[PDB]
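Notes follow the structure.
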There are 4 protein chains.
Amino acid sequence: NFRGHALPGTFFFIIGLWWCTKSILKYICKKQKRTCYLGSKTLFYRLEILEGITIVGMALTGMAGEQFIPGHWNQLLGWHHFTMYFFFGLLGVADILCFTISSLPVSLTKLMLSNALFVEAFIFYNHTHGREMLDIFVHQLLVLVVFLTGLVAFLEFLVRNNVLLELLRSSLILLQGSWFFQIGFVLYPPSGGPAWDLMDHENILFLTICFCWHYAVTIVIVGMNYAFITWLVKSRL
Amino acid sequence: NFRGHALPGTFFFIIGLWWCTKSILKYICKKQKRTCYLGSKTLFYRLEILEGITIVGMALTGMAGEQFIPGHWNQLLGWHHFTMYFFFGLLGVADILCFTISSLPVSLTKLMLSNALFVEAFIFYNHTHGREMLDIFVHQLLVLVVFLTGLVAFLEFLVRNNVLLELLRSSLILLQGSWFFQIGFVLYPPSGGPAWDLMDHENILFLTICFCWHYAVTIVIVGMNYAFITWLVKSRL
Amino acid sequence: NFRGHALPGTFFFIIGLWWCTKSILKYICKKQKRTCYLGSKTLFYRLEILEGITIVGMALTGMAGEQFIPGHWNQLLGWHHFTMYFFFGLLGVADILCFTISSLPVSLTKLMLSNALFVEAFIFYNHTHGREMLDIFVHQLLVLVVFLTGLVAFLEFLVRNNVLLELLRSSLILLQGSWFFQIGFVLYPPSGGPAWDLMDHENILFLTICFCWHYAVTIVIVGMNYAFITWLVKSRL
Amino acid sequence: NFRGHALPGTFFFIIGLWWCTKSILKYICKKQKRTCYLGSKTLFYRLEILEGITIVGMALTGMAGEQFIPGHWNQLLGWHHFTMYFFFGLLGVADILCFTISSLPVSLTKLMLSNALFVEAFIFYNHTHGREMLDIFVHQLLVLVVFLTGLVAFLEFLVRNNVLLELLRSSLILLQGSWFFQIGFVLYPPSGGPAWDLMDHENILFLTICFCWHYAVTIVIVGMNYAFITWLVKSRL
């Protein structure tokens, strides 16, 4: 189960890094005088097509991996992950269609993303039924992060071309990935032996501070990525 | 009671399909060069008048059907449906008046719609008092859907001419209708014998996934309708 | 206590009627070709000054009436009404200052109004501590109405010159007044003898429908007032 | 602990006064005809640099003072204050960087501020675990104030150059400082002996009215500051 928690963390980390890099590069191209390094739009179209294809492929891979099998109910918990992966694949297909046919509005993709996020949150609001207070609290924090990311995505859809909103969305995605890794490390330690008790208000207090530190680290990572891309553009110019 | 649950499902399904078709046709007419096929505005006015008349008629029919009868309280539950139908009839009358007199703003109708939705949600927040956890959970999901549809309608009223928002509202209406049908099928099976226990967390988990699948199906239906209307316009041209 | 509940109902009813009439007259003046009947702005300034003076006077009168008296705590419940009246008086003073000095923005008054409403809601969220479920439910409905009115006022402040928003705010004020009268009639019947039991889910269900009917009646009253003002303008022209 | 509560109150009071003065001066400069008294922009740049430096210094001082020390958990409560001070220092550093490099958007600083506020609220939602109902209620009021201030800051970030929004944010900051002082005076009286019982609904009712009075006092202080700055500008001119 540790791998099952860790894989989405890597996926979200990669997606957030790619989106942040794309947004910074687009802003730099807008600031750019001409098509010397980034003005070409065919490169952007190819990057969008590749992004959609990779999202669809990752969704399919996650769906296949989660489903162990290639009038009753069994292993019902995996169907939630199945549905989440299906929604992300629908988002990828919608992005591919939008960037393939010019008639469809560009922002539609963003809308789809928001929808997917909301769906995920809804599922995570009911995925846990029993279990201990620590697990419940951690899953509620994950739900809060997903809901905030969905709200930010919807607001970005409403307001066209907001670089700060895109950076905030990327930071939230990175925070979600880091928190998924934290969930994995806490619930299923790789050391083999349990380390954190499931009933400790001290653990809850420490987890709150850890979540805040993760958010701060994601903000710092976004800033460092912006600085690195600026340095690379300056060196290229 | 199964018929009483099923009839609003059909009404909402028809209304959502009609609204989606109208929005797609309006967008196509805007993209159209001239009045060759859809540029005429008298057709739109006639369609709006017919839509208002049909909404008023359906509200009256539902009110009459719900009321079995043509200092105490009896059959108090039916008065809630009476009030909901009355509010929908008020929305229809307001739409007719707005499209009859040019002085009134067009968006007023939208506002009225939002109000009606909110009222419905409020009623459904108190309609159920006793009953089992499964029924309570299903009615709470219905309340959530109605509240989200009302918020989307209000936002559409605030922001003029958003095709994506109109499509989202139509998809939400279709989801509401499908969930009404699901409520009917679960609470009062047509088979005569009970099938689903009223106390099962497994049933709750399955219902969450069923709701997500219904939302996905509605999105797919909206996409297919858009494709079909595009095909029809291309064939006509 | 029945008079203490009824007086704010009359105040809110009068204020809502005056605001609705003012908004409709302003819209008609905007539609008007010239200063034949309503184009004069000195009339609007005089009306605003009179409105501010009347609001301040009503706030002072309510404060004086509520306070029976012209290291411990006694009659602490009246201080809440004192604070609400003080906030409304501050709103009136702010409106007078804004319409007296041209430097201050016009929308500031609206903002103040919103603030006052929010404060009222907050107080009504803690005014009731004990008491029965019926009283708690009715006060919670009043809190909901006040919160919705405050949100509508804030949104109107954000978006300049929205006639529909002003009409919605007026309808909400009228609904608040009617519900205050309902609270008075239910809690302290004028007949002398108690009529409604304080513990009845049937009473709760009836009160929900009564609230919906009050909202519908307020909407109808707003529509009738608009029609009457249109008739009067047409007759004058 | 009384000093630990009181110091942030003084910090917030000073920051709110400075921000209100800056906003009023900026509005007066905009109304000003030329650079006679305030048109110079180098003064604004120097003031912004000084504000950032002072914010960073105060954050560092608070962090050092809170940390008594220059596989277990001890004094975990202080890490929350450490994190809050770290976030405020990050806000100050971001403001300094934004006013140092022209490429970065100006509103970014505002965004950062909002983020910090939200983080603080989150921490204060979990800082208290045990304790009595009075302390819980007071901390919940503080959480509400912080959340409202964060929402106002985010809305100000969304809508450029709103003087009323800036004044509202300053008033909320002053209210937060005054309520911090109230918390200090109630929880840890300077008289040495306890005065307020920790379990009294009368105390809760009095605290609600005290909070409303604090809000009113902050509004009056903002108005007086505006009047004083107007008088000073008129005298200088």
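Scheme for the structure tokens: letters A, B, ... for chains in order shown; per-chain residue numbers from 1; ligand numbers from 1 in order shown.
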
Long-range neighbours of residue 166 (chain B) as a ChimeraX atom specification, 8 Å cut-off, only C-alpha atoms, 2 positions minimum in chain: /B:20,23,156,162-164,168-170

Exercise answer, chain D residues close to chain A, 10 Å and only C-alpha atoms, as an MDAnalysis selection string: chainID D and resid 73:74 76:77 79:80 82:84 86:87 90 103 105 107:108 111 119:120 122:123 126:129 158

Helix (DSSP H, G or I) per DSSP on the backbone: members of region 97-202 of chain B, as a PyMOL selection string: chain B and resi 97-100+107-126+133-158+163-187+201-202

Output C-alpha atoms of each residue in that selection to a file, as a PDB file, in the first residue's frame.
```pdb
ATOM      1  CA  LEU B  97     -42.958  38.439 -18.718  1.00  0.00           C
ATOM      2  CA  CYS B  98     -39.289  39.219 -19.391  1.00  0.00           C
ATOM      3  CA  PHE B  99     -39.507  37.970 -22.973  1.00  0.00           C
ATOM      4  CA  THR B 100     -42.856  39.763 -23.439  1.00  0.00           C
ATOM      5  CA  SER B 107     -30.827  38.126 -16.874  1.00  0.00           C
ATOM      6  CA  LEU B 108     -33.702  38.500 -14.391  1.00  0.00           C
ATOM      7  CA  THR B 109     -35.023  35.106 -15.492  1.00  0.00           C
ATOM      8  CA  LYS B 110     -31.671  33.517 -14.665  1.00  0.00           C
ATOM      9  CA  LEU B 111     -31.771  35.146 -11.238  1.00  0.00           C
ATOM     10  CA  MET B 112     -35.244  33.741 -10.619  1.00  0.00           C
ATOM     11  CA  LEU B 113     -34.037  30.277 -11.599  1.00  0.00           C
ATOM     12  CA  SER B 114     -31.220  30.494  -9.069  1.00  0.00           C
ATOM     13  CA  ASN B 115     -33.654  31.571  -6.360  1.00  0.00           C
ATOM     14  CA  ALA B 116     -35.936  28.637  -7.107  1.00  0.00           C
ATOM     15  CA  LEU B 117     -33.047  26.192  -6.891  1.00  0.00           C
ATOM     16  CA  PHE B 118     -31.959  27.598  -3.541  1.00  0.00           C
ATOM     17  CA  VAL B 119     -35.499  27.313  -2.190  1.00  0.00           C
ATOM     18  CA  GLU B 120     -35.649  23.685  -3.279  1.00  0.00           C
ATOM     19  CA  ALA B 121     -32.372  22.961  -1.513  1.00  0.00           C
ATOM     20  CA  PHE B 122     -33.647  24.584   1.671  1.00  0.00           C
ATOM     21  CA  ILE B 123     -36.776  22.443   1.614  1.00  0.00           C
ATOM     22  CA  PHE B 124     -34.790  19.269   1.008  1.00  0.00           C
ATOM     23  CA  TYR B 125     -32.600  20.158   3.979  1.00  0.00           C
ATOM     24  CA  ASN B 126     -35.600  19.731   6.302  1.00  0.00           C
ATOM     25  CA  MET B 133     -28.987   6.655   7.381  1.00  0.00           C
ATOM     26  CA  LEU B 134     -29.088   5.551   3.734  1.00  0.00           C
ATOM     27  CA  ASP B 135     -32.103   7.731   2.910  1.00  0.00           C
ATOM     28  CA  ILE B 136     -30.584  10.646   4.836  1.00  0.00           C
ATOM     29  CA  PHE B 137     -27.306  10.320   2.926  1.00  0.00           C
ATOM     30  CA  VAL B 138     -29.055  10.137  -0.449  1.00  0.00           C
ATOM     31  CA  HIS B 139     -31.176  13.202   0.317  1.00  0.00           C
ATOM     32  CA  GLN B 140     -28.053  15.060   1.464  1.00  0.00           C
ATOM     33  CA  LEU B 141     -26.393  14.232  -1.859  1.00  0.00           C
ATOM     34  CA  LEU B 142     -29.465  15.600  -3.643  1.00  0.00           C
ATOM     35  CA  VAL B 143     -29.229  18.759  -1.517  1.00  0.00           C
ATOM     36  CA  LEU B 144     -25.564  19.127  -2.466  1.00  0.00           C
ATOM     37  CA  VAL B 145     -26.374  18.787  -6.170  1.00  0.00           C
ATOM     38  CA  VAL B 146     -29.172  21.362  -5.956  1.00  0.00           C
ATOM     39  CA  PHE B 147     -26.960  23.806  -4.044  1.00  0.00           C
ATOM     40  CA  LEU B 148     -24.143  23.480  -6.584  1.00  0.00           C
ATOM     41  CA  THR B 149     -26.588  24.020  -9.452  1.00  0.00           C
ATOM     42  CA  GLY B 150     -27.939  27.136  -7.744  1.00  0.00           C
ATOM     43  CA  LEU B 151     -24.441  28.524  -7.230  1.00  0.00           C
ATOM     44  CA  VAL B 152     -23.573  27.887 -10.884  1.00  0.00           C
ATOM     45  CA  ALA B 153     -26.793  29.595 -11.987  1.00  0.00           C
ATOM     46  CA  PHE B 154     -26.064  32.638  -9.812  1.00  0.00           C
ATOM     47  CA  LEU B 155     -22.515  32.872 -11.172  1.00  0.00           C
ATOM     48  CA  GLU B 156     -23.877  32.626 -14.724  1.00  0.00           C
ATOM     49  CA  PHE B 157     -26.254  35.475 -13.893  1.00  0.00           C
ATOM     50  CA  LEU B 158     -23.303  37.547 -12.667  1.00  0.00           C
ATOM     51  CA  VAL B 163     -21.203  29.063 -22.893  1.00  0.00           C
ATOM     52  CA  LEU B 164     -19.141  26.828 -20.612  1.00  0.00           C
ATOM     53  CA  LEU B 165     -21.195  27.909 -17.596  1.00  0.00           C
ATOM     54  CA  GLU B 166     -24.425  27.151 -19.462  1.00  0.00           C
ATOM     55  CA  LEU B 167     -23.139  23.693 -20.409  1.00  0.00           C
ATOM     56  CA  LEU B 168     -22.114  23.073 -16.795  1.00  0.00           C
ATOM     57  CA  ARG B 169     -25.591  24.074 -15.607  1.00  0.00           C
ATOM     58  CA  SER B 170     -27.191  21.732 -18.151  1.00  0.00           C
ATOM     59  CA  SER B 171     -24.931  18.878 -17.035  1.00  0.00           C
ATOM     60  CA  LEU B 172     -25.857  19.542 -13.405  1.00  0.00           C
ATOM     61  CA  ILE B 173     -29.569  19.468 -14.286  1.00  0.00           C
ATOM     62  CA  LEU B 174     -29.096  16.141 -16.073  1.00  0.00           C
ATOM     63  CA  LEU B 175     -27.201  14.805 -13.050  1.00  0.00           C
ATOM     64  CA  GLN B 176     -30.056  15.894 -10.781  1.00  0.00           C
ATOM     65  CA  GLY B 177     -32.554  14.047 -12.967  1.00  0.00           C
ATOM     66  CA  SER B 178     -30.454  10.886 -13.089  1.00  0.00           C
ATOM     67  CA  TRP B 179     -30.016  10.979  -9.317  1.00  0.00           C
ATOM     68  CA  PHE B 180     -33.773  11.394  -8.868  1.00  0.00           C
ATOM     69  CA  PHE B 181     -34.225   8.238 -10.935  1.00  0.00           C
ATOM     70  CA  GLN B 182     -31.595   6.504  -8.787  1.00  0.00           C
ATOM     71  CA  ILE B 183     -33.438   7.588  -5.625  1.00  0.00           C
ATOM     72  CA  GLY B 184     -36.639   6.124  -7.017  1.00  0.00           C
ATOM     73  CA  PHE B 185     -35.001   2.848  -8.014  1.00  0.00           C
ATOM     74  CA  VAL B 186     -33.282   2.445  -4.617  1.00  0.00           C
ATOM     75  CA  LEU B 187     -36.054   3.506  -2.230  1.00  0.00           C
ATOM     76  CA  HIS B 201     -21.746   1.498   4.798  1.00  0.00           C
ATOM     77  CA  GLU B 202     -20.955  -0.688   1.783  1.00  0.00           C
TER      78      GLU B 202
END
```

Distance in Å - CA of residue 95 (chain B) versus CA of residue 60 (chain B):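 Atom-to-atom, CA of residue 95 (chain B) to CA of residue 60 (chain B), that is 15.7 Å.
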
Write out as a PDB file with N, CA and C atoms, in the first residue's frame each polymer residue whose atoms come within 12 Å of residue 224 (chain D), counting only C-alpha atoms; drop sequence neighbours fewer than 5 positions from it.
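Written output follows (result25.pdb):
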```pdb
ATOM      1  N   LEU D  17      -1.857  50.812  11.939  1.00  0.00           N
ATOM      2  CA  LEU D  17      -1.781  52.268  11.863  1.00  0.00           C
ATOM      3  C   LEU D  17      -0.929  52.712  10.682  1.00  0.00           C
ATOM      4  N   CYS D  20      -2.843  52.070   7.365  1.00  0.00           N
ATOM      5  CA  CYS D  20      -3.924  53.031   7.177  1.00  0.00           C
ATOM      6  C   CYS D  20      -3.380  54.396   6.776  1.00  0.00           C
ATOM      7  N   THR D  21      -2.321  54.850   7.451  1.00  0.00           N
ATOM      8  CA  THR D  21      -1.717  56.132   7.105  1.00  0.00           C
ATOM      9  C   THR D  21      -1.188  56.117   5.678  1.00  0.00           C
ATOM     10  N   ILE D  24      -4.176  56.296   3.170  1.00  0.00           N
ATOM     11  CA  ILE D  24      -4.776  57.626   3.120  1.00  0.00           C
ATOM     12  C   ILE D  24      -3.849  58.602   2.406  1.00  0.00           C
ATOM     13  N   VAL D 217     -14.803  50.646  17.942  1.00  0.00           N
ATOM     14  CA  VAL D 217     -13.701  51.529  18.312  1.00  0.00           C
ATOM     15  C   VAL D 217     -12.659  51.582  17.207  1.00  0.00           C
ATOM     16  N   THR D 218     -12.351  50.438  16.594  1.00  0.00           N
ATOM     17  CA  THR D 218     -11.405  50.440  15.481  1.00  0.00           C
ATOM     18  C   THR D 218     -11.924  51.253  14.301  1.00  0.00           C
ATOM     19  N   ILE D 219     -13.216  51.130  13.984  1.00  0.00           N
ATOM     20  CA  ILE D 219     -13.781  51.936  12.903  1.00  0.00           C
ATOM     21  C   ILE D 219     -13.659  53.423  13.225  1.00  0.00           C
ATOM     22  N   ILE D 229      -5.315  63.142   9.050  1.00  0.00           N
ATOM     23  CA  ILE D 229      -4.446  63.249   7.883  1.00  0.00           C
ATOM     24  C   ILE D 229      -4.973  64.300   6.915  1.00  0.00           C
ATOM     25  N   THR D 230      -6.295  64.378   6.739  1.00  0.00           N
ATOM     26  CA  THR D 230      -6.860  65.427   5.895  1.00  0.00           C
ATOM     27  C   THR D 230      -6.535  66.809   6.450  1.00  0.00           C
ATOM     28  N   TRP D 231      -6.657  66.974   7.770  1.00  0.00           N
ATOM     29  CA  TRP D 231      -6.326  68.247   8.404  1.00  0.00           C
ATOM     30  C   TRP D 231      -4.859  68.598   8.192  1.00  0.00           C
TER      31      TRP D 231
END
```
